[PDB]
Amino acid sequence: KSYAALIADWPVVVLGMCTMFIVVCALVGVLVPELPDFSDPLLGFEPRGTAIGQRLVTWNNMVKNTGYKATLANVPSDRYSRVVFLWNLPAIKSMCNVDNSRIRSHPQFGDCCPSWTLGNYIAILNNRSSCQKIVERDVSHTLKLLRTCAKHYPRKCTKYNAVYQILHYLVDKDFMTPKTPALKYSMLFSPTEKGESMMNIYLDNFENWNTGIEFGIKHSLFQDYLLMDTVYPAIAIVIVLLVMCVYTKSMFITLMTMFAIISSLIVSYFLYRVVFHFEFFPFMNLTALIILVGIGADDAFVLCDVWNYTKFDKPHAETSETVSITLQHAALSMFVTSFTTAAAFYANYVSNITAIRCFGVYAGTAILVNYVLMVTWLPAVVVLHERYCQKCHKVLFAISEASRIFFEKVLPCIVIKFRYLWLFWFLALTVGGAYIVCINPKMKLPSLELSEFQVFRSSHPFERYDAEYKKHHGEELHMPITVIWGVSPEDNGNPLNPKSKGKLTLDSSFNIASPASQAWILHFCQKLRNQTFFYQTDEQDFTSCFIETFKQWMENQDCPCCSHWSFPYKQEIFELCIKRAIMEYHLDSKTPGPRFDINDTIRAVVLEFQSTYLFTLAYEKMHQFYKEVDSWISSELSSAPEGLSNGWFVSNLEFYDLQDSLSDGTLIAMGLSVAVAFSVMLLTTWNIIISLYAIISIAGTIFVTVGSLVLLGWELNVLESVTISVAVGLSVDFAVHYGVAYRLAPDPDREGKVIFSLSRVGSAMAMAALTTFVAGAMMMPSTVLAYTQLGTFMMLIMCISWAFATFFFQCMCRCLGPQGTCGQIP
Ligand SMILES: CC(C)CCC[C@@H](C)[C@H]1CC[C@H]2[C@@H]3CC=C4C[C@@H](OC(=O)CCC(=O)O)CC[C@]4(C)[C@H]3CC[C@]12C
Ligand SMILES: CC(C)CCC[C@@H](C)[C@H]1CC[C@H]2[C@@H]3CC=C4C[C@@H](OC(=O)CCC(=O)O)CC[C@]4(C)[C@H]3CC[C@]12C
Ligand SMILES: CC(C)CCC[C@@H](C)[C@H]1CC[C@H]2[C@@H]3CC=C4C[C@@H](OC(=O)CCC(=O)O)CC[C@]4(C)[C@H]3CC[C@]12C
Ligand SMILES: CC(C)CCC[C@@H](C)[C@H]1CC[C@H]2[C@@H]3CC=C4C[C@@H](OC(=O)CCC(=O)O)CC[C@]4(C)[C@H]3CC[C@]12C
Ligand SMILES: CC(C)CCC[C@@H](C)[C@H]1CC[C@H]2[C@@H]3CC=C4C[C@@H](OC(=O)CCC(=O)O)CC[C@]4(C)[C@H]3CC[C@]12C
Ligand SMILES: CC(=O)N[C@@H]1[C@@H](O)[C@H](O)[C@@H](CO)O[C@H]1O
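The rules behind these values
- As presented, residues are numbered from 1 along each chain according to the written sequence, a scheme that may differ from that of the entry, and residues lacking coordinates are left out.
- For naming, the first written chain is A and the first written ligand is 1, with later ones following in the order written.
- Hydrogens are left out, water is left out, and the side-chain values use all remaining heavy atoms of the structure.
- Residues with missing side-chain atoms are left out of burial classes, side-chain pairs and their counts.
- All domain edges in this entry derive from an automatic or database-based domain assignment.
- By definition in these notes, contact holds between two residues if any of their heavy atoms fall within 4.5 Å.
- Every helix listed is a DSSP run of H or I at least four residues long, and every strand listed is a run of E at least two residues long, numbered separately from the N terminus.
- Classes in brief: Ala, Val, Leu, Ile, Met, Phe, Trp, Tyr, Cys and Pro nonpolar; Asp, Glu, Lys and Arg charged; the others, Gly included, polar.
- Under the convention used throughout, the expected extent of a helix is 1.5 Å for every residue step, that is, one less than its residue count.
- Relative accessibility decides the category of a residue: with a 1.4 Å probe and only protein chains considered, values under 20% of the type maximum give buried, values over 50% give exposed, and everything between is partly exposed.
- Residues enter a patch when their relative accessible area is above 30% and they make no salt bridge; the linking distance is 9 Å between like charges and 5 Å between nonpolar side chains (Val, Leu, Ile, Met, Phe, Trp, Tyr).
- To measure how exposed things are, a 1.4 Å probe is used in the Shrake-Rupley method; for residues, cover is taken only from the protein chains shown.
- Salt bridge criterion: a side-chain nitrogen from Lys or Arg within 4 Å of a carboxyl oxygen from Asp or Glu.
- The disulfide criterion is simple: two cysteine sulfur atoms within 2.5 Å.
- Only a single heavy atom is needed: when it lies within 4 Å of a molecule or strand, its residue is near that molecule or strand.
- Polar contact criterion, stated in full: a pair of N or O atoms within 3.5 Å, where within protein one must be able to donate a hydrogen and the other to accept it, and residues adjacent in sequence count only if both atoms are side-chain atoms.

Method of determination, as annotated in the archive: cryo-EM, at 4.53 Å resolution.

What follows is the structure, encoded as structure tokens:
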């Protein structure tokens, strides 16, 4: 009644009140929001509300505070630039041919200084300024000085001033051969220092295919490159509209479904920012468009043919009955498909990183509201179509009709002449792929990152430099493990907003009792010093536990305070004299006393220590390191008294928790995606053999995805989480619509049922598969890795999933398939 009546009664009014909602949403969507910034590409990737993040951001909060006077009132520069994008020495003309280039339009003189560092450097012999090709002296000096000494480092004086180190600091280090190709690309520039001005010269004097660069414009050039990034999807959306127009035989419908998708995205953005107060907006929210123009148009293809399939079968009776029947059937199928997809992102939200959460919410609301709009624009497409050179058009129409029937008769014949074969070949592929690509070496975590990921394609300069400079700055440091007791580590800030961290909170219950708890810290420090894994070969620190300096200062000064006798009784004023003793600087943290707008005595007892292991940018060892130290500190704080009960562990390991949060977040997202997948598959089709069939198909297709995906050197960094979520969403998206379509077959046979059911499902889905495939494939040519990544991903997923779901379900339904309602429960 309600739907169909409202549809048939006033279509222009529902059109009006809808478009009203869209235009007002757009207006407010421009008025209120305070300019979503794209300055930092990876803005706010610090995982929040996850111990380490909390404990880190507390000690990080400690850094930005300390707002007082004293608390005792009483050359080849690393920052310069370089090209370096492969080291040979036939630089007879090349070196200064690189020099006389676009590095002089804006001088910006620093440290005109002759800034070659290879060319003028090699020419240290004579001439003083210019690039000079003195062949015999060049070769003889180069070959000699290259073969003099490399590895064994004021006992040997053959060089000029400071030569050797500087020589071996520009050119590639892999020259330890003791022995003697052309690309016109090497390591030279060492120009004026990097920053923003370097952007200005780059943008103005590059992007003409002119020796690739590194001078830290990645984070700004990315933001500017969003123009030609924005360009490509415009071609993607018009072409998907065009091919949709080719199929459904009505230009109006297809324009309206397209405008519906874009309206659905902007109404999602309004509903996102206005109600779900999230001031942050990362870049992946843009890639939402690309994922939404593939699956957003899908539902439409399941509608038009349904409307067409009834108006032929049912006899021109009246509009209301036809729209009612088509709507109830198409709506079940459209809700299940869209919700199953949306649920992935909505579940993915349970992850505890900032950007993925934000992206998930936005795309989630986008896919869900898209369904509402699709159902509410059904009336429009159908009823407007009711009240609606040409020779070539009619030939095309004949071709289109003929080809659809050609398809309709062939595909069932081919999929049934499969004859138990496609089952074997594809099952063997999946189990084989999966069982190898989920045990042995196949993937890793984003180790070579340091919060500097691949934000562009490998063909472009800035990424490729990673591989180039792999030929340096990395020093084997020890983990400054620092338990502090100074402040209650509680995150009093909005978890979603990355720009507001919070403020420190003092612990009034924490009071170093002057007569007590000193012997505790001593026995604790002794207990540590006796425990292993404590690197203590160096002895010239003098600030290790803070008690030693105390023991020295109570030992001295007695031979102002002027009251020191035996061990600590009154205290306070002696601690203050010891503060003076320390102050007589290296004052930042590094020492335990009161800071951060404090006029009174001790409130922070910031203790320092050294480590066992080295700073790697990978998992494994760091986790075992963390676990062991946390488990030890958790014991020693269990031995602690009432006066000091609160302490925790922290060091410089932001990267470790990023990896841990990503790994957990993906797992729990995957877990809920498979859970809702099974649940909703049960909701649509009431038999269970079909439900197992489904989940096996889901398992197979996903194991194709993250096996084929990774083999393309694609470890799980940041996006790969939400991709895996898409993969589960779109796998079941196909499976479901196959399912009910089988269940509702007129005959009680196992082959005629297949043929009919198959020919149906194929005709909806293959077109919708093609729709997505083109929408994804067209995005492959671009610069930013984000778009390339998601575009080529979802392309592969659809390309697999459709034909996967197709041939599995039907080859499985051929022989092993269900009979007279075997397994259905009321
Ligand atoms: C999903 C597809 C359709 C791409 C998304 C389209 C737009 C929502 C984005 C893409 C490019 C973005 C623009 C990229 C560059 C800038 C310049 C920016 O200016 C500054 O950075 C401040 C001054 C300066 O540094 O130059 C103001 C926002 C703006 C217009 C951005 C606003 C939002 C835009 C238009
Ligand atoms: C349309 C009909 C005839 C079915 C055929 C499907 C193909 C068109 C699909 C199946 C596998 C897909 C390929 C799977 C893997 C890749 C590798 C990938 O190559 C890269 O490594 C580029 C990424 C990078 O190095 O930056 C680019 C897309 C491509 C060729 C895909 C493009 C589309 C392909 C060829
Ligand atoms: C949809 C599915 C297929 C996605 C799976 C992708 C990742 C979430 C997987 C692939 C690699 C897995 C990691 C491979 C290796 C390990 C080491 C493992 O270490 C131990 O076994 C501890 C004991 C020891 O060996 O010392 C802990 C889990 C972890 C991080 C795994 C966690 C889950 C990861 C990140
Ligand atoms: C529906 C089925 C029957 C046809 C469509 C399946 C394809 C979408 C899949 C099947 C196997 C996949 C391929 C498996 C292996 C590779 C090789 C891989 O590249 C390499 O391993 C480089 C070679 C080397 O390592 O020496 C790139 C992805 C690719 C082409 C995969 C891309 C997608 C493919 C072609
Ligand atoms: C077109 C391809 C892509 C298939 C995609 C699925 C839907 C379009 C199919 C699945 C089940 C089909 C329905 C199966 C049964 C019927 C009952 C039929 O009404 C009758 O009961 C008439 C029986 C008779 O007198 O023969 C009207 C069409 C309808 C809704 C079918 C319309 C098309 C549906 C919804
Ligand atoms: C607290 C404690 O047990 N300290 C002992 C110390 O008495 C002993 O002199 C030393 C010999 O190496 O070993 C330490 O661990």
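K.L.:
Please explain the domain arrangement of the protein chain as it appears in this structure.
P.N.:
Partitioning the protein chain into structural domains gives domain 1 (51–74 + 480–651), domain 2 (94–205) and domain 3 (227–448 + 656–815). If you look at the interface, domain 1 gives 12 residues, while domain 3 gives 11 residues. Counting only elements with at least two residues in the side of domain 1 that touches domain 3, the list comes to α3 (52–64) and α21 (621–636). Broken down by element, the residue count for the side of domain 1 that touches domain 3 peaks at three residues, all from α21. Here the residues of the side of domain 1 that touches domain 3 are counted per class, giving 10 nonpolar, two polar and no charged.

K.L.:
Help me understand α3 in this model?
P.N.:
An α-helical turn contains 3.6 residues, so any two residues separated by three or four positions project in the same direction. Over its 13 residues, α3 extends 18 Å from the first C-alpha to the last, a length consistent with the 18 Å expected when each residue adds 1.5 Å. The complete set of buried residues in α3 reads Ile52, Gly53, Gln54, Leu56, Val57, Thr58, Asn61 and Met62. In this fold, the buried residues of α3 make contact with α21 and α22 (654–684). Note on α3: the residue one or two positions beyond its end, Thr66, has a positive phi of about 65 degrees.

K.L.:
How do you make sense of a nonpolar patch on the surface when you look at a structure like this?
P.N.:
Taken together, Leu31, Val32, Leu271, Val274, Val275 and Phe276 make up a surface patch of nonpolar side chains, about 530 Å² in accessible area. Relative to the helices and strands, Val274 is located in helix α10 (residues 251–274). What makes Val274 partly exposed here is its relative accessible area of 32%.

K.L.:
Is there a simple way to explain the side chain of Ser268 in this structure?
P.N.:
Mapped onto the fold, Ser268 is located in helix α10. Each residue touching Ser268, except ones within four places of it in the same chain, is listed here: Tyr362, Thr365 and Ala366.

K.L.:
How do you make sense of the state of the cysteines when you look at a structure like this?
P.N.:
Covalent bonding between the sulfur atoms of two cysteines is what defines a disulfide. On inspection of all chains with the given rule, the structure shows one disulfide. One disulfide in the model links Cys96 with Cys131; its S-S distance is 2.0 Å. Taking the torsion about the S-S bond as the criterion, the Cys96 to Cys131 disulfide, at about 45 degrees, is right-handed.

K.L.:
Please clarify how the site of ligand 3 should be interpreted in this entry.
P.N.:
Ligand 3 sits among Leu445, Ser663, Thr666, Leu667, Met670 and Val706. Starting from 750 Å² of accessible surface for ligand 3 in isolation, the protein chains cover 43%. Counting residues per element, the shell around ligand 3 draws most heavily on α22, at four residues. Broken down by class, the residue content of the shell around ligand 3 amounts to four nonpolar, two polar and no charged.

K.L.:
Quick question: what am I supposed to make of the environment of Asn285 here?
P.N.:
As for its placement among the helices and strands, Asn285 is situated in helix α11 (residues 284–295). Residue class for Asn285 comes out buried when judged on its relative accessible area of 2%. Sequence-wise, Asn285 and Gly360 are 75 residues apart; in three dimensions their C-alpha atoms are separated by 8.6 Å. When sequence neighbours within four positions are dropped, the list of residues in contact with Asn285 reads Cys358, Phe359 and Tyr362. For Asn285, the side chain forms a polar contact with the main-chain oxygen of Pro282, separated by 2.9 Å.

K.L.:
Would you take a moment to explain helix α17 (residues 461–469) for this structure?
P.N.:
For α17, the complete set of buried residues consists of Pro461, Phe462, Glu463 and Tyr465. Next to the buried residues of α17 lie α8 (197–205), α9 (218–248) and α26 (785–815).

K.L.:
Looking at this structure, how should I read the site of ligand 1?
P.N.:
Around ligand 1, the neighbouring residues are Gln223, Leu226, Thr230, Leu286, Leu289 and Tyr787. Within the complex, 38% of the 750 Å² of free accessible area of ligand 1 lies under protein. Put simply, the parts of the chain that give the shell around ligand 1 at least two residues each are α9 and α11. Per-element tally for the shell around ligand 1: the top contributor is α9, with three residues. Residues belonging to the shell around ligand 1 are distributed by class as follows: four nonpolar, two polar and no charged.

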